[PDB]
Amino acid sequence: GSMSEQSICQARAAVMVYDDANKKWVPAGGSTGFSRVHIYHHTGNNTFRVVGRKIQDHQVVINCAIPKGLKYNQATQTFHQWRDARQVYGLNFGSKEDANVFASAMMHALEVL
């Protein structure tokens, strides 16, 4: 059930997607602002996903599988990004610590997939 899926990291970040047509970053879910972003581990099938919800109103702005082999790119010390088939995601972290802790947890997840 639900309890077999566990959060293994959370951080504060503004979630963005790249508008491939207009060549600009846009807020995930339509409104710019900070979200609480988790990496969840489904222990039964050993899969991971990233889920983020806006802090002010809990809107779900990202719910993204993390497949085996995903390339997680640290573009700057506070902006990280990865590819999904439908769009590129970016996380603008609220602090360097948020970014580094999230990235480490992501790299650990990628190495156990």
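Numbering starts at 1 and follows the sequence shown. Rigid core here is just the name for the largest C-alpha set that superposes within 1.5 Å across the two forms.
Remark: when the other structures in 9 other deposited structures of this protein are fitted onto this one via the rigid core, 84 to 92 deviates more than the alternative among 61 to 69 and 84 to 92, judged by RMS CA distance. Note on the listed residues 77, 63, 81, 35: the highest Cα temperature factor in the record is that of 77. Ranked within its chain, residue 52 lands in the lowest third, by CA B factor from the PDB record.
Looking at the C-alpha B-factors along this chain, the one for residue 6 belongs to the lowest third. The PDB entry assigns residue 106 a C-alpha temperature factor belonging to the lowest third of its chain's modelled residues. Looking at the C-alpha B-factors along this chain, the one for residue 68 belongs to the highest third. Ranked by Cα temperature factor within the chain, residue 41 sits in the lowest third according to the deposited record.
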